[PDB]
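Enquirer: Quick one: structure below, then a few questions.
Ideal geometry is used to build each Cβ from the backbone, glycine not excepted, and the neighbour counts take in all protein chains shown. Every read-out reported here was derived from the displayed coordinates using simple, explicitly stated rules and does not represent laboratory data.
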Amino acid sequence: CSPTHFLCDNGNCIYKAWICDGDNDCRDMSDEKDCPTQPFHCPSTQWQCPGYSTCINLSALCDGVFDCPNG
Amino acid sequence: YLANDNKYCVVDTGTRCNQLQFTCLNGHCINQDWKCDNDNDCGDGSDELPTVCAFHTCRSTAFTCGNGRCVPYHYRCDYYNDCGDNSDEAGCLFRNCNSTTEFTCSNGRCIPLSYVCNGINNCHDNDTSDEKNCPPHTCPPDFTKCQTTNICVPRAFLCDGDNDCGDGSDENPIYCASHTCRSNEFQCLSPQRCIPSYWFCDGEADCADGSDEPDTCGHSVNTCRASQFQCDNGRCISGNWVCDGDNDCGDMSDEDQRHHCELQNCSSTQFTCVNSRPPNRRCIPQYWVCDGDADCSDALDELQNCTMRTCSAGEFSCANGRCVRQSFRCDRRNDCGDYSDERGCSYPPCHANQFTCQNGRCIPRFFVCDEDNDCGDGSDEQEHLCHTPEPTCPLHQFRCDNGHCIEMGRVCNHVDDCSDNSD
Amino acid sequence: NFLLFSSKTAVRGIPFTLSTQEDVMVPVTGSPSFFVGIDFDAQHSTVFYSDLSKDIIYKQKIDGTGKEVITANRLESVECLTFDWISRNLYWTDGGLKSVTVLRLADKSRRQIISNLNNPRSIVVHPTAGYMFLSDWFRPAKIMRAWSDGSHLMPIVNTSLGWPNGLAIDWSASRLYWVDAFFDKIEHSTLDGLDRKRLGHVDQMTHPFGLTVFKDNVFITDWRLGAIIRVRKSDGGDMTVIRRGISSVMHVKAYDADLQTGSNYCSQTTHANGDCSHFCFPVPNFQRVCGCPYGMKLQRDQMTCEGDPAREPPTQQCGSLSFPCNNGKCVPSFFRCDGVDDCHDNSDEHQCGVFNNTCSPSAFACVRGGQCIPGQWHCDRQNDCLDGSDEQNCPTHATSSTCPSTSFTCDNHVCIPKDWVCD
Amino acid sequence: XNXXX
Ligand SMILES: *[C@@H]1O[C@H](CO)[C@@H](O[C@@H]2O[C@H](CO)[C@@H](O)[C@H](O)[C@H]2NC(C)=O)[C@H](O)[C@H]1NC(C)=O
Ligand SMILES: *[C@@H]1O[C@H](CO)[C@@H](O[C@@H]2O[C@H](CO)[C@@H](O)[C@H](O)[C@H]2NC(C)=O)[C@H](O)[C@H]1NC(C)=O
Ligand SMILES: *[C@@H]1O[C@H](CO)[C@@H](O)[C@H](O)[C@H]1NC(C)=O
Ligand SMILES: *[C@@H]1O[C@H](CO)[C@@H](O)[C@H](O)[C@H]1NC(C)=O
Ligand SMILES: *[C@H]1O[C@H](CO)[C@H](O)[C@H](O)[C@H]1NC(C)=O
Ligand SMILES: *[C@H]1O[C@H](CO)[C@H](O)[C@H](O)[C@H]1NC(C)=O
Ligand SMILES: *[C@H]1O[C@H](CO)[C@H](O)[C@H](O)[C@H]1NC(C)=O
Ligand SMILES: *[C@H]1O[C@H](CO)[C@H](O)[C@H](O)[C@H]1NC(C)=O
Ligand SMILES: [Ca+2]
Ligand SMILES: [Ca+2]
Ligand SMILES: [Ca+2]
Ligand SMILES: [Ca+2]
Ligand SMILES: [Ca+2]
Ligand SMILES: [Ca+2]
Ligand SMILES: [Ca+2]
Ligand SMILES: [Ca+2]
Ligand SMILES: [Ca+2]
Ligand SMILES: [Ca+2]
Ligand SMILES: [Ca+2]
Ligand SMILES: [Ca+2]
Ligand SMILES: [Ca+2]
Ligand SMILES: [Ca+2]
Ligand SMILES: [Ca+2]
Ligand SMILES: [Ca+2]
């Protein structure tokens, strides 16, 4: 199989963007059999105050009261 | 070593449990399905210790009690509290027994009224009130009276591990717990149990772990009794059959002149057919004298005091005076006494598998080389066909002292090839 | 007993005895119709069906009364059904979601128990043994087996298969039977996949789909014949055509009230449902495992069930671009108030034509009383609107528009070839 | 082919 592609357990070659896309592109579980990387990070205009688990619209940052429990 | 998913201490005697077995502090591994179910199986309660049963969760297929134990699912609603907490019998909607003809037990069990105090506990209820044993007020000998209910139960089940009486007489602290059984009995170590003195040291295992037979037992297995004859094989027989003319001991120990059979003079009025030889008994009971059966080796018991026989034209007439059918001729058996049947015969040869002896006798092939003169002339015990020459153990094969000769590359290789390092 | 089979146009029930021909059950039919999966509930005289034109699963009495839907939400090409008559669980196979689902009929409770298949087709479940079998026909084709709870998935037949369309079970012998349509064969084996055997060549079988075993006959449906054929279940058999010209033909099934008899620990009496909330599943070797719907997790006791929103969050009936019907179905948001019943409950055509509930751009709106009608009904010479708005002031101008010189022209301005006149 | 039409 070419270095561009993952070699599936059934002998298919599949492009290594589609591995871990969430769908079994190999038709075997091979390209989803080892795909853990999904962190709790918050996208968009939210902010994740460090060491705290909530995510808040960045307009509230320095609004003049601590949104998150401690500084 | 750290047993049981590295959570537990066990003494490191080198041996290990299997993959699916739990380990106890004292060893004696137990299967995982016995873990945390009210049954003590380790002896120390390691399989039921509160620490072990704290994190343990029931297998998907087992009923979980409110207590946290894991009973097999078929125990649920079976009348009988096996959960301890009764949590598997809680909510059970039992059918109402026909009280007009059946008895509804205190545990909800249905049983016929005819079975009330019939002789044995049927309800097994916490109340125990079926087997009151209603009609008699007592139990006679060859049984113990059970204590609060008068069932006839042999003491032989005292302390044995289940309530034979349904009343605790077989578990009474009055006996077995106090002092060691009646004068006619002994106590097993496993289970803790009174048993008869004729089980204790009797030649067999009668407790669960054989503690009734603990190596020191009389003289020997052939200790027998003052009324029983003693056999070299360890068998015990009645003294009445000693030197009666046939093997009773099972090893001929009662049928030899080696110990004593020289004066085997039999009982009372038995006819003594002196024509008989050690292959048969000379003395014959008068019970079957003149009965038409050849008791003696030459059937003299059928002429000595017997009415004459008219015989038949369709039967073989022995020249001596006996009468038999044609089936009793040419068969190596002296049916007529005077060998008139076997005389002048032309026995056809032995079968394909059948072995032939020098005297022409036919014997089964299995009966060759077994230290018994089955051919009569000793053909089946001839050295040439019976002796097995030991292997030559040539070059490439070292004869070590054990006889199991090994490959000559292995000589004093420090690996025990021949029993106690004979190489 | 009777033979139940499905087709594009109807679901029918037929006597096994070919001597008579009349139905025993009312046909099941609709205006749009493409029936595929079927099964029956003998204890309620009820059958189930799917319809790929509506993506609903239905239930209906044999008499025809009491039609109800089971589900209409997230069904995609339901290619087969099977019913666990002891647990009252309905299993189906979404060829479009590529999964198998189970649903309890007592209260609507569903989970995708197997999720990542390729082209699953027939499914069959055996309640007393606690196994379910399903076929997959993607290139590396195979027949799976799993515990009824949807675990221990493993292939039992993966060698010498292509297109293994229909599974069925001989209840009298605990033998699985299956069609294969790439090698044009029918085979059978024990439930373990061992002891595999092949029936002889069947005349004019070319592509079979449905399979059933009842008494000593095997019933099969061939797409290339468009018929139901019968053979003896032990060998090639006497191919006997049961039906012919049956259009697009789908699964067969043997209705039998005697079959739907028995009890696992999942519905023994004195307690209900094997103590599980929501589901219990029979598991091989006479045991039960509890189950929980989507979004719920088994508690520490492994039987009672608790909310689990952390792992499986609650979900909407429909997306943001689709209108959720009163029925569980889902339709495009612009199919609301289009004059056509798309939800199969008239839920999309309810209280239409009012402010906050306007007619679609495609439909024609009656000017008064809030009624939206299909566009095709606008000025077609039928008074559809309650106020007759649809047959008022529309073009009469046929104009100088003419059909080609080849075509004859009617007074209705429809045109047909001159060849068609006076036939 | 073998797909449901
Ligand atoms: C086809 O099915 C067979 C079973 O009939 C599979 O063989 C088993 O393979 C597993 C490992 O995957 C072993 O532990 C078993 O012992 C095998 N046999 C049994 C008794 O099940 C085989 O792996 C399957 N092949 C494919 C391609 O899936
Ligand atoms: C859309 O219009 C209809 C009719 O004007 C509204 O219908 C009422 O809705 C409420 C709440 O669901 C019901 O209790 C009433 O019975 C409905 N009918 C009447 C006659 O009151 C509906 O509320 C409108 N929707 C929106 C979002 O404005
Ligand atoms: C109970 O037994 C009586 C006497 O035989 C009988 O008449 C009656 O029908 C029985 N009832 C039930 C519920 O079993
Ligand atoms: C019934 O059960 C109780 C425990 O709940 C026990 O103490 C009692 O001894 C039992 N009854 C009889 C008759 O033994
Ligand atoms: C006990 O339950 C836990 C979950 O709470 C696990 O499923 C565990 O495997 C179960 N016990 C056993 C022995 O399987
Ligand atoms: C939402 O979808 C999930 C699966 O993604 C479940 O089917 C769940 O039951 C759905 N919720 C509703 C209300 O139908
Ligand atoms: C009113 O509702 C319908 C529902 O099909 C359409 O969305 C329509 O576009 C809406 N409004 C108007 C003014 O057309
Ligand atoms: C009728 O319409 C056709 C198609 O457009 C032609 O235009 C034809 O010439 C028309 N006939 C007349 C008489 O105008
Ligand atoms: Ca992928
Ligand atoms: Ca702030
Ligand atoms: Ca235990
Ligand atoms: Ca119980
Ligand atoms: Ca009794
Ligand atoms: Ca006892
Ligand atoms: Ca003994
Ligand atoms: Ca003797
Ligand atoms: Ca005699
Ligand atoms: Ca003779
Ligand atoms: Ca011999
Ligand atoms: Ca050696
Ligand atoms: Ca074909
Ligand atoms: Ca619509
Ligand atoms: Ca109209
Ligand atoms: Ca015409």
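Enquirer: Once phi is turned into ³J(HN,Hα) by the Karplus curve 6.51 cos²θ - 1.76 cosθ + 1.60 with θ = phi - 60°, what whole-Hz value does each residue of segment C:80-85 show in order, with x for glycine and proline?
Expert: 6, 10, 8, 10, 8, 6
Enquirer: Determine the shielding of peptide C:268-274 by partner chains: average, over its residues, the number of Cβ atoms on other chains within 10 angstrom of each Cβ.
Expert: Per-residue shielding by partner chains comes out at 5.
Enquirer: Taking 37 °C and 0.692 mPa s as the conditions, I'd like the Stokes-Einstein D for segment B:273-415 in µm²/s, using the Kirkwood hydrodynamic radius from alpha carbon pairs.
Expert: Approximately 166 µm²/s, per Stokes-Einstein.
Enquirer: Return the equivalent ellipsoid semi-axes of chain B as a descending list in whole Å, where each equals the square root of 5 times an eigenvalue of the C-alpha gyration tensor.
Expert: For chain B, the ellipsoid semi-axes come out as 63, 41, 24 Å.
Enquirer: Could you give the length gained on full extension between residue B:205 and residue B:407, defined as 0.36 nm per residue of separation minus the Cα-Cα distance, in nm?
Expert: 68.3 nm
Enquirer: While we're on this one: With the calculation restricted to Cα positions, what are the radius of gyration and Dmax of segment C:114-200 in angstrom?
Expert: Cα only, segment C:114-200: 12.0, 36 Å (Rg, Dmax).
Enquirer: Among the trypsin sites (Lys or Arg not before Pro) within segment C:271-335, which fall in a DSSP loop and have no more than 11 other Cβ atoms within 10 Å of their own Cβ?
Expert: C:300, C:311
Enquirer: Could you give me D for the protein assembly as shown, from Stokes-Einstein at 37 °C and 0.692 mPa s, where the hydrodynamic radius is the Kirkwood radius over C-alpha pairs? Units µm² s⁻¹, please.
Expert: Stokes-Einstein gives a translational diffusion coefficient of 83 µm²/s.
Enquirer: Suppose we take every Cα in segment C:33-172 and form the convex hull; what volume per residue is that in Å³?
Expert: 117 Å³
Enquirer: Something else now. Could you work out the pair-distance distribution P(r) of segment C:212-352 from its alpha-carbon pairs, with 5 angstrom bin width and percents rounded to whole numbers?
Expert: Here the calculated profile for segment C:212-352 is 2, 8, 10, 8, 7, 8, 11, 15, 15, 10, 5, 1, 0.
Enquirer: Can you give the FRET efficiency to the nearest 0.05 for residue B:74 and residue B:192, using r as the Cβ-Cβ distance and R₀ = 22 Å?
Expert: Plugging the Cβ-Cβ distance into 1/(1 + (r/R0)^6) gives 0.15.
Enquirer: Under 5 Å between amide H atoms, partner at least 5 residues away or on a different chain: which partners does residue C:348 have, H built in plane at 1.01 Å?
Expert: Result for residue C:348 returns C:342, C:343.
Enquirer: Taking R0 as 35 Å, what FRET efficiency do you get between residue C:312 and residue C:204 from their Cβ-Cβ distance, rounded to the nearest 0.05?
Expert: Result of the calculation: an efficiency of 0.10.
Enquirer: Which of the GluC sites (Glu not before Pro) across segment B:186-285 are loop residues per DSSP, with 11 or fewer other Cβ within 10 Å?
Expert: Sites meeting the loop and neighbour criteria: B:204, B:262.
Enquirer: Within segment C:1-87, which GluC sites (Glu not before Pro) sit in a loop by DSSP and count at most 16 neighbouring Cβ atoms inside 10 Å?
Expert: Qualifying residues, ordered by number: C:22, C:76.
Enquirer: For segment B:171-206 and segment B:108-149, what is the separation of their Cα centres, given in Å?
Expert: Here the answer is 25 Å between Cα centres.
Enquirer: Could you please state, rounded to a whole Å, how far the C-alpha centre of segment B:395-416 is from the C-alpha centre of segment C:90-149?
Expert: 64 Å
Enquirer: Using alpha carbon centroids, what distance separates segment B:1-32 and segment C:10-85, in Å?
Expert: If you average the Cα positions of each part, the centres end up 57 Å apart.
Enquirer: Say each of residue B:275 and residue B:129 gets a label point 7 Å from the Cα, pointing the same way as Cα to Cβ; how far apart are those two points in nm?
Expert: 8.1 nm
Enquirer: Further question on the same structure: Give me the distance in nm between label points sitting 7 Å out from Cα along the Cα-to-Cβ direction at residue C:333 and residue C:356, one decimal.
Expert: 1.8 nm
Enquirer: Right, another one. Tell me, Kirkwood radius of segment C:286-353 from alpha-carbon pair distances, in Å?
Expert: Over segment C:286-353, the inverse of the mean reciprocal pair distance is 14.9 Å.
Enquirer: Tell me the mean residue ellipticity at 222 nm calculated for chain B from its helices only (DSSP H runs of n ≥ 4, each -39500 (n - 2.57), averaged over every residue, nearest 500).
Expert: Result for chain B, helices only: -500 deg cm²/dmol.
Enquirer: Okay, which of segment C:387-403 sit inside 15 Å, backbone N to the point 7 Å along the Cα-Cβ direction of residue C:421?
Expert: Flagged as within label range: C:403.
Enquirer: Taking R0 as 22 Å, what FRET efficiency do you get between residue C:381 and residue C:403 from their Cβ-Cβ distance, rounded to the nearest 0.05? Don't jump to the answer; show the numbers that get you there.
Expert: On the way: r = 21 Å, r/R0 = 0.94.
Once the sixth-power term is evaluated, E becomes 0.60.
Enquirer: Step through the table entries B:7/B:35; C:142/C:185; C:108/C:329; C:98/C:253; C:108/C:297; C:59/C:329, compare each Cα-Cα distance with 21 Å, and write down the pairs that go over it.
Expert: Pairs exceeding 21 Å: C:98/C:253.
Enquirer: Follow-up question, since we're still on this one. Compute the semi-axes of the equivalent ellipsoid of segment B:273-341, taking the square root of 5 times each eigenvalue of the Cα gyration tensor, and list them largest first in whole Å.
Expert: Value: 20, 15, 9 Å, ordered largest first.
Enquirer: Now for a separate question. In nm, give the distance between the simple-model label positions of residue B:354 and residue B:39, each being 7 Å from the Cα along the Cα-to-Cβ direction.
Expert: Here the answer is 5.8 nm between the modelled labels.
Enquirer: Can you give the Rg and Dmax of segment B:100-220 based on its C-alpha atoms, in angstrom?
Expert: So, for segment B:100-220, Rg and Dmax equal 17.2, 63 Å respectively.
Enquirer: Whole percent per 5 Å bin, from 0 to the bin with the longest distance: what is P(r) over all C-alpha pairs of segment B:2-78?
Expert: 3, 16, 27, 25, 16, 8, 4, 1, 0
Enquirer: Rg to Rh ratio, chain C, alpha-carbon atoms and Kirkwood radius?
Expert: 1.06
Enquirer: Determine ³J(HN,Hα), in whole Hz, for all residues of segment C:11-17 in sequence, where each value follows from phi through the Karplus function 6.51 cos²θ - 1.76 cosθ + 1.60 and θ = phi - 60°; x replaces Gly and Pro.
Expert: 3J(HN,Hα) across segment C:11-17, in whole Hz: 10, 10, x, 10, x, 5, 5.
Enquirer: Something else now. By average Cβ neighbour count within 10 Å, what is the ranking of B:164-173, A:19-28 from highest down?
Expert: Ranking, from highest mean packing down: B:164-173, A:19-28.
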